[PDB]
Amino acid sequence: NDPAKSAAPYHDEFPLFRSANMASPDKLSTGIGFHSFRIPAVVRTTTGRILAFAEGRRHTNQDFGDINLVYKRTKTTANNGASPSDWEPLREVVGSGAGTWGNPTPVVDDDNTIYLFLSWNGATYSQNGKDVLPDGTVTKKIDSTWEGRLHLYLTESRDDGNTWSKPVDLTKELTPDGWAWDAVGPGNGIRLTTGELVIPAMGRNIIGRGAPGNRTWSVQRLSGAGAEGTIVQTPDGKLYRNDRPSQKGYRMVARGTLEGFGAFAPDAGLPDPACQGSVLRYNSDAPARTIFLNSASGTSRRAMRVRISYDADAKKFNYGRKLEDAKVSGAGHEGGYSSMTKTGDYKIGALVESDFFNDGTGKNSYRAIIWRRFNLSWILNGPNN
């Protein structure tokens, strides 16, 4: 029932963000390097250029301390990132000593303005507090003070990702008062058939209305949403939140419109180990498809599975295909956060976290990011369907 299964299967994959332990580790032009890269996000722009974002975690793999927001672009608008030589060297969206810049959540607007929502916190604060920094300082716990809370920032590019504006703090506008912890995405926002932008965040969606690249933002509060959410517009044109659960088990899904959402409920078809996932609107003509990617396991992040739903409301996803069927060598053990885009040559492009595990669950375990391309035929020709 899917003509794509008859096309020749295609896959290729290679490390795109190379951690400090690897040959040719990724460093900025300034010489600044990174122990680990985590928290991927990818979008294809209106030109066809692909922009890949990540957190550059300077000294360890930990969520706190000196973390910068880094990126790579495809060298041209037409190369579709097919091989390592198609990608530019590492660049920086925003960096700094005193800050923790993370949670890249991009969305491409009609005018090709690429918006990138981001989180910021102080480099001396952490989620739990009392964590040890490289210099032996102990962090303070994230709190509701201006200095100590998670901020929500916005930067954009008007030149196809070549340069980025100094990020603007939108916390007072788009984060509820009295909040301490926060998250936006991470992964991506979307543009609706009806023209609005929707960016998933902790307990809310951020809605963009008005002129492309000159949007008015507002907050849609959600009941029972997760901290790390994904959003897609399903074939029926409705909205679909698919969120990381607070405890290991299953993805938490809710459906709605810009007028409001129904309740979140576990999707028993989508096991999840309490980790971020990604979702992608593929096409609208028969057969319409939504793509989903996470670790398909209640316990482990190393069960990465890409799936297709043919449902108008994405009610059920197929078994799909295990990413390990096309394993990458020399970049650690694949599994974790992910982000997906369509490419100009009819593939799906996916960024996927990978972990060398050289320090076990400890702070010195190097983390890299894999770039995969595969077509629908590759997914559909999986042996476990």
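Residue numbers here begin at 1 and follow the sequence given.
As recorded in the PDB entry, 135-143 is the stretch of 135-143 and 250-258 with the greater mean C-alpha temperature factor. As the entry records it, the average C-alpha temperature factor is higher for 170-178, out of 197-205 and 170-178. In this entry, the residue among 348, 352, 50, 328 with the greatest C-alpha B factor is 328.
Within the listed group 93, 265, 239, 296, the record reports its top CA B-factor for 265. Per-chain ranking of the deposited C-alpha B factor places residue 361 in the highest third.
Residue 42 sits in the lowest third of its chain by CA B factor, as recorded in the PDB entry. The entry lists a Cα temperature factor for residue 278 that places it in the lowest third of the chain's modelled residues. Per-chain ranking of the deposited C-alpha B factor places residue 24 in the highest third. In this PDB entry, the Cα temperature factor of residue 186 sits in the bottom third of its chain's modelled residues, the lowest group.
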